[PDB]
Ligand SMILES: [Zn+2]
Ligand SMILES: [Zn+2]
């Protein structure tokens with residue numbers, strides 16, 4: 017039910033499995049060998065992306081689960097200028 | 024409740040539903056263009072909007088403003104949008 | 472299919488999909504006004520089913536979606552507009568790409584009906600938001616991103 | 491019926507789904523008074539699942555719910571549930 | 661319920677008037693001028709496959725189109741109608 | 002529908018909670034997803050201990066306060085209750 021994401025800089029992120037299945041690459045990572053079917057952690061070690069981009073993509077996962085199709089006054093997503101051009105690569109790598 | 028049935032009346036998400044001049048729907052032609060069949064003016068039928076969220080046919084709004092500059096529903100001055 | 476896979480273009484970069492999409496496509500004054508009225512959702516559905524490049528852009532940079540949201544008769548033939556927007560989104564056209572003037576199709580919707588329909592059919596993604604924010608912040612993206620994503624920054 | 495099966499999460503609404511969908515333009519049936527009947531909470535998750543399904547398959551189509559033609563099966567949990575109603 | 665039965669008759673009584681209003685407009689657009697009595701025979705001719713219009717129904721519907729500034733009696737004679 | 006970002010050292014947990022709900026089941030769900038005994042949890046709201054009886058929506062952060070775009074940064078501490089030592093995420097590289 018809960019999946020674990022580890023950033024390259026040691027930082028861990030835990031979010032709902034439904035929240036992290038909105039990205040195709042993470043869905044592939046959970047599938048396949050080493051699924052670690054303990055149903056509690058399913059940890060994945062992102063060896064490249066830093067901590068802040070992983071925090072931002074977890075925020076995005078929750079943001080898309082909450083507002084997938086509802087509340088047509090959709091809130092804007094606060095991309096910082098410094099975190100941009102690095103979250104784009106992360107989103108591409110995760111196929112969000 | 025083990026099982027339940029219902030009916031759902033679906034209609035298009037347009038905020039306006041009827042043109043209260045000819046009392047017709049907006050999807051089909053206005054009475055101005057229903058008279059001379061297809062011809063050439065049937066293709067236009069531009070749905071003019073109003074500042075008071077009042078949407079009617081172009082022909083209906085044209086003849087209405089020819090009569091008076093009052094909204095057909097409320098005593099509001101007509102304006103385009 | 473044979474005609475699409477040569478990609479014909481008019482003077483203003485209009486691909487063959489765009490002319491079926493556009494309302495400004497000239498129609499002969501004779502009986503062709505009665506039958507072939509553009510835009511026509513049947514033509515767009517057939518062309519996308521025959522493999523038209525739905526992401527193709529003209530000289531001005533407008534996509535098929537950019538042209539179709541600029542339709543000035545959203546309700547007189549609302550079924551046509553709804554069917555063509557559904558077909559365009561289902562084909563894989565980006566609902567977020569930008570023309571040469573850097574305008575969202577929602578920003579170029581110029582109509583409440585088209586805006587509502589496209590927002591209903593917009594399928595948001597993190598990549599789209601990130602690329603749009605990068606373009607708005609005007610960060611130097613060349614030689615710092617994947618080359619396939621360089622195109623993504625190009626149209627988003 | 492297969493959409494709830496094709497969902498990424500197993501959503502067991504608990505009510506068999508047989509809801510008709512009918513065009514508002516053609517059918518003469520409608521609702522003149524308010525009759526603002528609130529959805530029962532045991533099936534209020536069903537309509538939200540149906541609104542989720544209907545919006546993506548049929549964009550730009552609101553669904554007013556005419557409850558005066560709407561009927562279901564009775565859960566007599568207070569009666570000890572004899573037979574069905 | 662017989663109370664709702666009259667409502668259905670009254671509802672189509674609204675529909676028959678709206679069709680007559682469009683029926684008057686259809687003939688008047690193709691002519692822009694006609695005799696008052698000849699139009700009554702014409703609207704009947706175009707409504708045989710549909711609702712049979714009583715004579716009083718055309719009376720009020722023509723009157724309705726008069727105040728909607730679409731039809732008007734001609735200045736030459738009140739028996740001559742004209743698009744406006 | 003309030004959103005939380007529970008932090009503890011290098012571990013970050015994203016969780017959605019209701020408007021009026023006590024932190025008792027919040028401690029129980031973080032127990033269930035953290036595989037540690039439930040008696041150690043003591044969450045802090047900006048270096049301040051929070052009342053267990055008080056619902057988290059009334060604890061200081063509301064639905065408008067804790068947007069899903071960037072939820073609250075409610076920390077987490079374990080029994081020796086240890087002092088909070090949450091590691092901040094690495095700053096993004098400065099744009100040229
Ligand atoms: Zn009208
Ligand atoms: Zn008005």
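Chains as they are written, first to last, in the deposited numbering: chain A, 17 to 112; chain B, 24 to 104; chain C, 472 to 627; chain D, 491 to 575; chain E, 661 to 744; chain F, 2 to 81, 85 to 100.
Virtual Cβ for every residue (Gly too), placed ideally from N, Cα, C.
- At least 8 Å separates the beta-carbon of residue 86(F) from that of residue 11(F).
- Here residue 79(F) has 41 as same chain residues with Cβ atoms under 6 Å from its own Cβ, once five neighbours each way along the sequence are excluded.
- The straight-line gap separating the alpha-carbon atoms of residue 694(E) and residue 742(E) is approximately 7 Å.
- Around residue 587(C), the beta-carbon contacts reaching into chain D at under 7 Å are 550.
- Under the DSSP definition of a beta bridge, residue 28(B) partners with 561(D).
- The residue from 562(D), 574(D), 512(D) with its alpha-carbon nearest to that of residue 536(D) is 562(D).
- Shown here, residue 77(B) sits in coil according to DSSP, grouped into three states, outside any helix or strand.
- Judged by DSSP in its simplified three-state form, residue 60(B) adopts coil rather than helix or strand.
- Minimum Cα-Cα distance from residue 515(C) among the listed residues 557(C), 528(C), 598(C), 476(C) corresponds to 557(C).
- With a threshold of 7 Å, the Cβ atom of residue 77(B) counts as near ligand 2, since some heavy atom of the ligand is closer than that.
- Between residue 16(F) and residue 5(F) the beta-carbon gap is near 5 Å, inside 8 Å, which marks them as a contact.
- Chain B places a beta carbon closer than 8 Å to that of residue 505(C), counting this residue as a contact.
- It is roughly 20 Å from the alpha-carbon of residue 499(D) to the alpha-carbon of residue 595(C).
- At least one C-beta of chain C is nearer than 8 Å to the C-beta of residue 36(B).
- For the 8 Å CB-CB criterion, residue 80(B) and residue 94(B) do not form a contact.
- By the Cβ rule, the region 100-112 of chain A counts as touching the region 598-610 of chain C, because three or more pairs are nearer than 8 Å.
- Within the region 55-66 of chain B, 61, 63, 66 place their CB atoms closer than 8 Å to a CB of chain C, listed in sequence order.
- DSSP places residue 32(A) within a strand segment (E or B) once states are collapsed to three.
- Between residue 75(F) and residue 46(F) a beta carbon distance of about 5 Å is seen, short of the 8 Å cut, so the two are scored as contacting.
- Beta-bridge pairing by DSSP links residue 13(F) to 29(A), 8(F).
- For residue 26(B), not one C-beta of chain E is nearer than 8 Å to its own C-beta.
- Residue 508(C) has a beta carbon lying within less than 8 Å of a beta carbon in chain B.
- Around residue 545(D), the beta-carbon contacts reaching into chain C at under 8 Å are 591.
- Interface flag for residue 55(A) against chain D is unset, since no Cβ pair is found closer than 8 Å.
- The C-beta of residue 70(B) has 16 or more other C-beta atoms within 10 Å across all chains shown, which makes the residue buried.
- Residue 503(C) is bridged by DSSP to nothing; it lacks a bridge partner.
- Using a Cβ-Cβ cut-off of 8 Å, residue 553(C) is close to 549, 550 of chain D, given in chain order.
- Under the 10 Å beta carbon count, residue 35(B) is surrounded by 16 or more other beta carbons and is classified as buried.
- For residue 592(C), the number of other beta carbons within 10 angstroms of its own is at least 16, and it is reported as buried.
- Annotation for residue 92(B): no beta strand (DSSP E) segment contains it, and DSSP assigns it neither H nor E.
- Closer than 8 Å to the CB of residue 34(A) there is at least one CB belonging to chain D.
- Its chain contains 43, 77 as the residues whose beta carbon lies nearer than 7 Å to that of residue 96(B), once the 5 sequence neighbours on both sides are disregarded; these appear in chain order.
- Residue pairing from DSSP places residue 56(F) in a beta bridge opposite 23(F).
- Looking at 24(F), 56(F), 88(F), 30(F), the one whose alpha-carbon comes closest to that of residue 30(A) is 30(F).
- Distance from residue 584(C) to residue 616(C) at the Cβ level is roughly 37 Å; contact not present, criterion being Cβ atoms closer than 8 Å.
- Close CB contacts of residue 491(C) within its chain, under the 7 Å cut and outside five residues either way in sequence, are with 509, 510, 511, 514, 515, 518 (chain order).
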